[PDB]
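Presented as C-alpha cells, the chain that follows is alone, the form deposited in one PDB entry.
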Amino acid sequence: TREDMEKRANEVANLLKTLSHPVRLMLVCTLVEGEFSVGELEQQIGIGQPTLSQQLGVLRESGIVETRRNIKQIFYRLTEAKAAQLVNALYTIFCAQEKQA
C-alpha cells in the first residue's frame, strides 16, 4: 500500500538526516572495522572535543552506536539494528575506497 510506502520512506529519510554529518559518517565507517575507545576514535578520525563526543552522543541517541565496558575501558560499537545494514553499505560503496591495497 502507498500508506506503507509513505511509512518506510519517512523512516528511511529520518535515518539519512541522522547520517548526514561528515563526522557521524567517519565515526560509523570507522566502527564497521570494530569497537573503539573515544581516544582511538579521536586519533583515527582527527576530530577532538567537544565535537567527537557530541557526535557519538547523536549516534547513540539515534540507536546507531552503543557502548560496551567488559572490564573498565569504554568501547563504542555499532548496534545490530536495521541501521547497521545501511552503515555497512555506505562503508562498501564509499569508505572502503580510501583503503590501500
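We call the rigid core whatever largest set of C-alpha positions still superposes within 1.5 Å between the two forms. Only residues modelled in both forms are compared. Residues carry their position along the shown sequence, with the first being 1.
**Request:** Using the B-factors recorded in the PDB entry, average over the C-alpha atoms of 23-31 and of 39-47, then report which stretch comes out higher.
**Result:** Result: 39-47.
**Message:** Comparing recorded Cα B-factors across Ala81, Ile93, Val87, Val12, which one is largest?
**Reply:** Comparing C-alpha B-factors across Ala81, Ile93, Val87, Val12, the top value belongs to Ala81.
**Prompt:** Within this chain, which third does the Cα B-factor at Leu52 fall in: lowest, middle or highest?
**Reply:** Ranked within chain, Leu52 CA B lands in the highest tercile.
**Asked** Within this chain, which third does the Cα B-factor at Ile71 fall in: lowest, middle or highest?
**Response** Highest third - that is where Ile71 ends up once the chain's C-alpha B-factors are sorted.
Only in words, not in the display: the form deposited in another entry, which the text now covers.
**Message:** When the rigid core is used for the superposition, does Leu25 move between this form and the one not shown (threshold: C-alpha shift of 2 Å or more)?
**Reply:** No; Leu25 is a residue whose C-alpha shifts by less than 2 Å between this form and the one not shown when the cores are overlaid.
**Request:** Answer yes if the CA of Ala84 moves 2 Å or more between this form and the one not shown after aligning the rigid core, and no otherwise.
**Result:** It does shift by 2 Å or more.
**Message:** Superposed on the rigid core, does the Cα of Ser37 end up 2 angstroms or more away between this form and the one not shown?
**Reply:** No: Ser37 shifts by under 2 Å between this form and the one not shown.
**Request:** Pin down for me whether the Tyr91-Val38 Cα distance shrinks or grows in that other deposited form relative to this form (closer or farther, change of 3 Å or more).
**Result:** Compared with the shown chain, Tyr91-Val38 is farther in that other deposited form.
**Asked** Are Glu80 and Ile64 closer or farther apart at the Cα level in that other deposited form than shown, by 3 Å or more?
**Response** Residues converge in that other deposited form, at least 3 Å closer.
**Prompt:** Once the rigid core is lined up, which stretches of 3 or more residues in a row have C-alphas that move 2 Å or more between this form and the one not shown?
**Reply:** Residues 1-7, 69-73, 80-96 form the runs that move by 2 Å or more between this form and the one not shown.
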